[PDB]
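A.B. asks:
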Amino acid sequence: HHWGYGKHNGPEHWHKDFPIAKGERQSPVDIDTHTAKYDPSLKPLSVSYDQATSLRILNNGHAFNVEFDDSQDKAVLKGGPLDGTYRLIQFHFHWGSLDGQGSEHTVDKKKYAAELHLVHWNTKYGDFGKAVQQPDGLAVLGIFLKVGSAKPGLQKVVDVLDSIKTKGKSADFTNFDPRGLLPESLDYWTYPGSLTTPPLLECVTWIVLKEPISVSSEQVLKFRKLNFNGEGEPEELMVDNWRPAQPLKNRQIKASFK
Ligand SMILES: NS(=O)(=O)c1ccc(C(=O)NCC(F)(F)C(F)(F)F)cc1
Ligand SMILES: [Zn+2]
């Protein structure tokens with residue numbers, strides 16, 4: 003046993019090994035649209051993924067990560083609330099056992115079926132390990148998934164999932180274009196927060212897109228066939244791998260749009 007999402011080891015238990023769980027800038031949060039302040043000084047986000055180099059997909063026992071080559075300034079996030087250049091290192095999702103739950107952020111207490119996190123690190128810190136120890140070390144771009152029409156750009160991910168069913172399995176995953184996971188609009192909300200899994204470090208500038216993407220029920224079903232457990236262990240379906248909303252405390256969520 004370590005941390006997870008079960009009754010015995012789930013989010014309510016995390017603070018015992020990670021006391022920052024009750025800290026002042028924990029994520030996710032509910033985004034109250036009537037209270038987020040429009041900030042006309044925010045810049046447009048700049049998402050430069052044309053030279054992205056995906057490498058590998060890995061089931062890590064809590065989600066699956068699609069990992070990228072981050073040894074140079076290939077796929078980067080710049081602009082919006084950010085200073086400097088943040089390199090994409092990996093993306094992953096959180097999702098539910100049912101379509102009415104699964105996202106980590108909520109919008110006016112509305113839950114989406116899933117949430118995509120594109121994780122980037124601030125190049127001024129040299130490496131990802133150094134970046135997570137800094138209050139401005141990461142930028143995570145969060146995108147909500149609603150169940151509807153299929154997302155064609157997601158299908159290459161859903162088709163490889165059978166090959167990484169269990170914890171610690173990985174597969175080569177090259178030539179994957181993460182632009183195919185973006186919505187039309189880059190309007191966003193932003194706030195200072197944390198990693199949403201242990202060690203829950205308070206190193207993240209959250210940029211959460213307003214426009215969800217649509218995925219089909221067949222595609223999200225495939226997420227829910229993954230397993231938390233390793234090969235040969237008792238089957239535990241990888242579902243409901245989301246942390247509930249944490250109190251906002253002394254923070255302000257800004258909107259990029261009016
Ligand atoms: N869900 S999330 O907020 O996007 C999120 C993104 C990245 C990480 C992450 O790198 N954990 C690994 C780690 F922090 F455990 C390490 F110290 F970095 F090894 C966790 C949560
Ligand atoms: Zn995440």
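Taking PDB author numbering, I'd label the letters of the sequence shown as residues 3 to 125, 127 to 261.
Ideal Cβ placement from N, Cα and C applies to all residues, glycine included.
(1) Give a yes or no on whether the C-beta atoms belonging to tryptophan 16 and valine 242 are separated by under 8 angstroms.
(2) Is it the case that the CB of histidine 96 approaches a heavy atom of ligand 2 more closely than 7 angstroms?
(3) Mind checking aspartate 34: buried by the 16 CB within 10 Å criterion, or exposed?
(4) Leaving aside the five residues before and after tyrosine 194 along the sequence, list all residues of the same chain whose C-beta is less than 6 angstroms from its C-beta, in chain order.
(5) Can you find the residues in the same chain that come closer than 6 angstroms, C-beta to C-beta, to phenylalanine 260, ignoring five residues on each side of it along the sequence?
(6) Let me check you understand the geometry: is the CB of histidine 119 closer than 7 angstroms to at least one non-hydrogen atom of ligand 2?
(7) For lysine 172, which residues from the same chain have a beta carbon less than 6 angstroms from its beta carbon, with the 5 sequence-adjacent residues on both sides left out?
(8) According to the neighbour-count rule (16 or more other Cβ atoms, all chains shown, within 10 Å of its Cβ), is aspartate 85 buried or exposed?
(9) Helix, strand or coil for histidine 119? Go by DSSP, reduced to three states.
(10) Determine the direct distance from the alpha carbon of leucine 144 to that of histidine 122, and round the result to whole angstroms.
(11) State the DSSP-derived secondary structure class of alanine 134, mapped to helix, strand or coil.
(12) Strictly by DSSP, which residues pair up with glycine 196?
(13) Hey, could you find the ends of the alpha helix (DSSP H) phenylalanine 226 is sitting in?
(14) Count the other C-beta atoms from every protein chain shown that fall within 10 angstroms of the C-beta of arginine 182, then say buried if there are 16 or more, exposed otherwise.
(15) Can you say whether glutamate 117 is buried or exposed, counting buried as having 16 or more other CB atoms within 10 angstroms of its CB?
(16) Round the Cβ separation of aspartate 75 and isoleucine 91 to the nearest angstrom and send it over; I've been treating them as touching at under 8 angstroms.
(17) Relative to the alpha-carbon of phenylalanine 147, which residue among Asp165, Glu239, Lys112 has its alpha-carbon at the smallest distance?
(18) Thinking C-alpha only, which one of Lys133, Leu184, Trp192 is nearest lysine 45?
(19) Starting from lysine 149 and walking both ways along the alpha helix (DSSP H), at which residues does that stretch end?
(20) Compute the Euclidean distance between the alpha carbons of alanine 153 and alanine 115, then round it to the nearest angstrom.
(21) Quick one, which of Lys225, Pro250, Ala248, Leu251 has its alpha-carbon nearest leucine 240's?
(22) With 16 other CB atoms within 10 Å as the buried threshold, where does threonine 108 fall?
(23) What residue range does the alpha helix (DSSP H) around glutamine 158 cover?
(24) Name the residue from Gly196, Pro186, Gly233 whose alpha carbon lies nearest to the alpha carbon of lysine 213.
(25) Let me check one thing: in DSSP terms, what residues is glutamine 92 bridge-paired to?
C.D. replies: Quick answer:
(1) no
(2) Proximity of the beta carbon of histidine 96 to ligand 2 is indicated: a heavy atom of the ligand is located closer than 7 angstroms.
(3) exposed
(4) So the list reads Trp209, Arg254, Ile256, once near-sequence residues are dropped.
(5) The beta carbon of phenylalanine 260 lies closer than 6 angstroms to those of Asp190 in the same chain, with the five residues before and after it left out.
(6) yes
(7) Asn61
(8) exposed
(9) For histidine 119, the three-state secondary structure derived from DSSP is strand.
(10) 8 angstroms
(11) helix
(12) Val207
(13) 220-226
(14) exposed
(15) buried
(16) Not confirmed; about 13 angstroms, so no contact.
(17) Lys112
(18) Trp192
(19) That residue, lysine 149, is in no alpha helix (DSSP H); its beta strand (DSSP E) goes 141-150.
(20) Put simply, the backbone Cα of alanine 153 is about 14 angstroms away from that of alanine 115.
(21) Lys225
(22) buried
(23) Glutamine 158: member of the alpha helix (DSSP H) spanning 158-163, first to last residue.
(24) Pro186
(25) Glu69, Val121
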